[PDB]
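Values quoted throughout were computed directly from the atomic coordinates according to the rules given, and no laboratory measurement underlies them. Reconstructed Cβ throughout: ideal geometry from the backbone, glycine too, with neighbour counts over all protein chains shown.
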């Protein structure tokens, strides 16, 4: 992916802390170095092919320094609870065709004009209860949406029985009617899902949807059929695929701007962000000034990235290493 | 965006002659030339 | 019908701005009712800082 | 009025555009039949 | 909202958009079933 | 198979191809007689 | 949207301040009554004679 920069952006991966220049022996450490009079902070990191430093951050010229946790950098997949409207009829009307349309809006392109529509259809019969109806439309929606043939993962559809009321039972295009055996199904939940991710070539983006209902004639007046409520999310996409795609850009400030353009002849750089682990991100945003009439500023930023274990053990040791070395009150997160 | 003048004469169609004029009544507020005064300066003189 | 600017969806399909009816001219005013405003001798600015 | 279609005096806004287009032409080197000019 | 133009006297169910007349019943299609008047 | 189309509001009986409607007694022609619906 | 904003004319103004236009109604009017007094000055209520 490609991000916007405030005149530069550089990233350093912090796999461990060594607190001295001579103790840099493994690739991926970081050492926040400074002098006695706290006027310059810089980060000596061990690259896989030698010691590298940072730009020398002037501590009178910092603008902010705030480190975000990994739980605030996760995309929450939306849910939509689709129930029968109790106003029109509590039970399904025995003659009408019951259709539901899922209106996707960023399919293939990025614009809200690149729309995509999928449907689910169940004809309601006589004697069909509400749990028998949701048992039929969870199969009919999953035959479209979660089929084996569709090129992208569109949505995840689950059922909820009224006894459990929290545990989701998954329905897929291969699930038969004999697997769903419950007489208390009361809603259908449509959850977003994670699109595929390719490092530095496919950004993390999702397809949003809206389950829209088609009208059924109930007493001779054609009334909309169902209702859809947004339910608070239970599944998030973690920080692994956003910081591997953030390192990949900000390694180009210190190195090669082209990454594979012409492949007998490339300069490979080794990346240190594992795309299966979550990370914490600290950003010290600073600038530069000459001590003369050139008072026009040049804003910069640095990014430090540390592995997160849930309790932020690696990152709160790093903020505790910057505050005592350089004299900033960076917030312990 | 003034339409392309570098065309063969068969491709200077009827809609192309309207595009040069629909450009004209949009950019007719413009009076800047580097050897002329402003319209409001000459109007003060007249 | 513009789905990028119109974001509230309607219960009967499509954006809710599509269901907006507007009668722009009732009769003939004997002058232009709706026009746009500009300033005489106001070329729009362009200025480089390099 | 300064870009209105009509005028309250009762006149019509006539906008005449003149512009230099670009025409593709050929320069042909032809020989005189009589002399080699 | 739903017009019914014809009335059909028959012992069988004629059509969604007509009225089924039997001996002492007048049944018409509503809510996915034949609803009787009386 | 008998298809009635019109409904006549009359105090007396109309032609046999129509429904006699008067004061709350829907009457139509069945089995040779005017048979009330209700 | 830009083809909607091209079915409108344009008026060029002389200043970049607030601009006005004057609206008018009619001249002939009807006036509500307050009270009717007879010749001695006492008001004529609803339950009164001619």
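Counting only helical runs of four or more DSSP H residues, what would the 222 nm mean residue ellipticity of the protein assembly as shown come to if each run contributes -39,500 (n - 2.57) and the total is spread over all its residues?
Theoretical 222 nm ellipticity from helices: -3000 deg cm²/dmol.
Partner chain Cβ atoms within 10 Å, averaged over the residues of E:23-31 - can you pull that number for me?
Taking all residues of E:23-31 together, the mean is 4.
How big is D, in µm² s⁻¹, for chain A by Stokes-Einstein at 25 °C and 0.890 mPa s if Rh is the Kirkwood radius over C-alpha pairs?
Roughly 103 µm²/s, to the nearest whole number.
Would you mind listing the distances between the residue E:38 label point and the same position in each other copy? Use 7 Å along Cα-to-C-beta, nm, one decimal, shortest first.
1.3
Taking the highest mean first, how do the peptides A:28-35, A:177-184 order by number of other beta carbon atoms within 10 angstrom per residue? Write down the numbers at each step before the final one.
On the way: A:28-35: 19.4, A:177-184: 12.2.
Top of the packing list down: A:28-35, A:177-184.
Treating the angle as unsigned and between 0 and 90°, give the value, to the nearest 10°, between the Cα long axis of helix A:240-250 and the longest Cα principal axis of chain A.
It is inclined by approximately 40 degrees.
Of all beta bridges DSSP finds with both residues in chain A, what is the antiparallel percent, to the nearest 5?
On the way: 61 of 68 bridges.
Taking every DSSP beta bridge with both residues in chain A, the antiparallel ones total about 90 percent.
I need A:250, B:20, C:37 ordered by Cβ neighbour count within 10 Å, fewest first.
If I rank by nearby Cβ atoms, fewest first, I get C:37, B:20, A:250.
Just report the Cα centroid separation between segment B:20-46 and segment A:285-333, whole Å.
Comparing the Cα centres of segment B:20-46 and segment A:285-333, I get a distance of 54 Å.
Once you have the Kirkwood Rh of chain C from its Cα pairs, apply Stokes-Einstein at 20 °C and 1.002 mPa s and quote D in µm²/s.
Stokes-Einstein gives a translational diffusion coefficient of 136 µm²/s.
For D:1-8, what's the mean count of beta carbons from other chains sitting within 10 Å of each residue's beta carbon?
Partner Cβ neighbours, averaged per residue: 6.
What angle, in degrees between 0 and 90 and rounded to the nearest 10, separates the Cα long axis of helix A:130-144 from the longest principal axis of the Cα atoms of chain A?
Relative to chain A, helix A:130-144 is tipped by roughly 60 degrees.
Quick one: order A:121, A:221 by neighbouring beta-carbon count within 10 Å, fewest to most.
Arranged by neighbour count, lowest to highest, A:121, A:221 become A:221, A:121.
Using Cα atoms only, what is the angle between the long axis of helix A:313-326 and the major principal axis of chain A, expressed in degrees (0 to 90) to the nearest 10?
That works out to roughly 30 degrees.
Shape of chain G from its Cα gyration tensor (a ≥ b ≥ c, root eigenvalues): rounded if a/c is under 1.5, otherwise prolate when a/b > b/c, or oblate?
It comes out prolate by the Cα gyration axes.
How many angstrom lie between the C-alpha centres of chain E and segment A:235-264?
Here the answer is 70 Å between Cα centres.
Explain nothing, just the number: relative contact order of chain A, from Cα pairs under 8 Å at least 6 residues apart, as a whole percent. Mind dumping the intermediate values first?
Working: 671 pairs, mean separation 87.0, N = 333.
Rounded, it is 26 percent for chain A.
Need one word for the protein assembly as shown: rounded, prolate or oblate. Basis is the Cα gyration tensor (sqrt eigenvalues a ≥ b ≥ c); a/c below 1.5 gives rounded, then a/b vs b/c decides.
Details: a/c = 1.97, a/b = 1.29, b/c = 1.52.
In terms of gyration-tensor shape, oblate.
Please report A:47, A:89 as a ranked list, fewest other C-beta atoms within 10 angstrom at the top and most at the bottom.
With the fewest neighbours first, A:47, A:89 line up as A:47, A:89.
Restricted to Cα positions, what overall size does segment A:151-208 have along the principal axes? Three whole-Å values, descending.
Result for segment A:151-208: principal-axis Cα extents of 48, 22, 15 Å.
In terms of the Cα gyration tensor, with a ≥ b ≥ c the square roots of its eigenvalues, is segment A:197-333 rounded because a/c is under 1.5, prolate because a/b exceeds b/c, or oblate?
Cα axes put segment A:197-333 in the prolate bin.
In whole angstrom, note down how far apart the Cα centers of segment A:132-193 and segment G:23-47 are.
Taking the Cα centre of each part, segment A:132-193 and segment G:23-47 sit 76 Å apart.
Within 10 Å of each Cβ in E:5-16, how many Cβ atoms from other chains are there, averaged over the peptide?
If you average over the peptide's residues, the count of other-chain Cβ atoms is 3.
Pop a pseudo-label 7 angstrom from the Cα along the beta-carbon direction at both residue E:37 and residue C:6 and give the gap in nm to one decimal.
Simple spin-label model gives 4.2 nm for this pair.
Please work out which residue of chain F brings its Cβ closest to the axis of the rotation superposing F onto E, and round that distance to whole Å.
F:38, 3
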